[PDB]
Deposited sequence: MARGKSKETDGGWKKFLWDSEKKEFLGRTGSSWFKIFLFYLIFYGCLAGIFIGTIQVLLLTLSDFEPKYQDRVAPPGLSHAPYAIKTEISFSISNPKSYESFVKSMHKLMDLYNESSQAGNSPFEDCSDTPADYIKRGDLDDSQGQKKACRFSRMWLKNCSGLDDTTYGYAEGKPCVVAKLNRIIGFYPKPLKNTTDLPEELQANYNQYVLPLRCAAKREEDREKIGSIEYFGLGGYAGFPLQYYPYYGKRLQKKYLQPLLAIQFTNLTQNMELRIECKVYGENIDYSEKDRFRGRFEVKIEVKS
């Protein structure tokens, strides 16, 4: 033929069949032992998610949400993702004492449901009403963005203490139980309005620590609705929403490390 005879062509097939078969069987074996060394409830390493990311619902083309108020299908793209998220926070999804629980309607302290063990059933998560998100189809004019803190197993978000000076200096400082979120731009051509649990501009600490998908399915993380009823129009406004805390840090590279990058433009 090309290389060899039929007899040789066969033998080279019988070899590579057994050979690659063995190699596949060995590869799988090493994957088995790897998995055997891992927990079902907690990942081996967590230093790469460490400082929590802050992500929002409006799916930004490039950290930007520009549209026209005087146009219907101009914002119907951002309403798709906005709906996708809030559709999960339905009351019909949170039914019965299992696996949900009614928690303080005001920001409270942490809740420990034991260890990362299966020695108990599904760890009961705090309910969250999308109805706590006042004012927010969504904002056809002047968007109503929804913030979110990335989930990390066993992470206890710790707010800053009012020992020294603060950006939003001491205003509504629920020091003990709220992780604040203050959006900014100089360039003050807007109108910041925050909505959340208990009416505070933060995340209620009663939703922590997260026990993971395996130990807490259907779990709901707290949301923080932000509305920009800015009196300006037809210009790119670089708005940055920043979260503050002891376990919260940022990076010049990762522009989502505990903060937002939104470029709103109501070009109408």
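Residues of the deposited sequence missing from the coordinate set occupy positions 1-24, 161-168, 218-222.
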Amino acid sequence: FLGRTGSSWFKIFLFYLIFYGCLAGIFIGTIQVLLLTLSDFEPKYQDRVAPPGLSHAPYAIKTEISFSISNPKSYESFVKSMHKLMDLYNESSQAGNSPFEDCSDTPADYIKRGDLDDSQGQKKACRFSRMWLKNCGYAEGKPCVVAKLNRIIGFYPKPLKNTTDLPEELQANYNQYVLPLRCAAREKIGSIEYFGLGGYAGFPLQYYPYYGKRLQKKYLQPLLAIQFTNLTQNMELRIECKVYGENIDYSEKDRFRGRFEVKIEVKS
From here on, numbers count along this sequence of modelled residues.
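Comparing 142-150 with 69-77, the stretch with the higher mean C-alpha B-factor in the PDB entry is 69-77.
Comparing the deposited coordinates for 244-252 and 13-21, the stretch with the larger average C-alpha B-factor is 244-252. Per the deposited record, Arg238 carries the highest C-alpha B-factor of all listed residues (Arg48, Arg214, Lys218, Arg238). Across the options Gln32, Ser55, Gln206, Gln233, the residue with the most elevated CA B-factor in the record is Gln233.
Annotation for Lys134: CA B-factor lies in the highest third of the chain's modelled residues.
In this PDB entry, the Cα temperature factor of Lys158 sits in the bottom third of its chain's modelled residues, the lowest group. The PDB entry assigns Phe228 a C-alpha temperature factor belonging to the highest third of its chain's modelled residues.
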